[PDB]
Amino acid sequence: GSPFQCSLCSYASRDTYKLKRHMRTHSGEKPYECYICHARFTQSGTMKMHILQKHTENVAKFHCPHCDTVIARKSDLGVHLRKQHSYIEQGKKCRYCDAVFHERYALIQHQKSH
């Protein structure tokens, strides 16, 4: 069980820190500020990612192991991987011929050959 129950929604947590942090989703409080562009964020880790992706140079990026797409955030590569390079049991037919593929990247690359 988790005793700390949010007074506004159905969220509940085991400790007060996370309930306080969740309450920022209701109050709209943004405690953290980028010292460069003065944008504000709900969490400190979000601000750190903002400064890395917007105000830092020479930042290494993540190449997809199955195509040449380069993606800035590792989690966004996950979304790419789950969308483009994941098995589709029901398959997808080319919109120009009867060829069927089981990953979206294969479908899109084949369709381009027409």
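In this text, residue numbers run from 1 along the sequence as written.
*Do the C-alpha atoms of 27-35 or of 80-88 have the higher average B factor in the entry?*
According to the PDB entry, the answer is 27-35.
Got a sec? Mean C-alpha B-factor, which is higher, 99-107 or 12-20?
-> Per the PDB entry, the higher value belongs to 12-20.
query: Split the chain's modelled residues into thirds by Cα B-factor; is residue 5 in the lowest, middle or highest one?
result: Middle third by C-alpha B-factor.
(request) Check where residue 44 lands among this chain's C-alpha B-factors and tell me if it's the lowest, middle or highest third. (result) Within its chain, residue 44 is a middle-third residue by C-alpha B-factor, going by the deposited values.
Margin query: Based on the deposited C-alpha B factors for this chain, I'd like to know if residue 75 is in the lowest, middle or highest third.
Written below: Lowest third.
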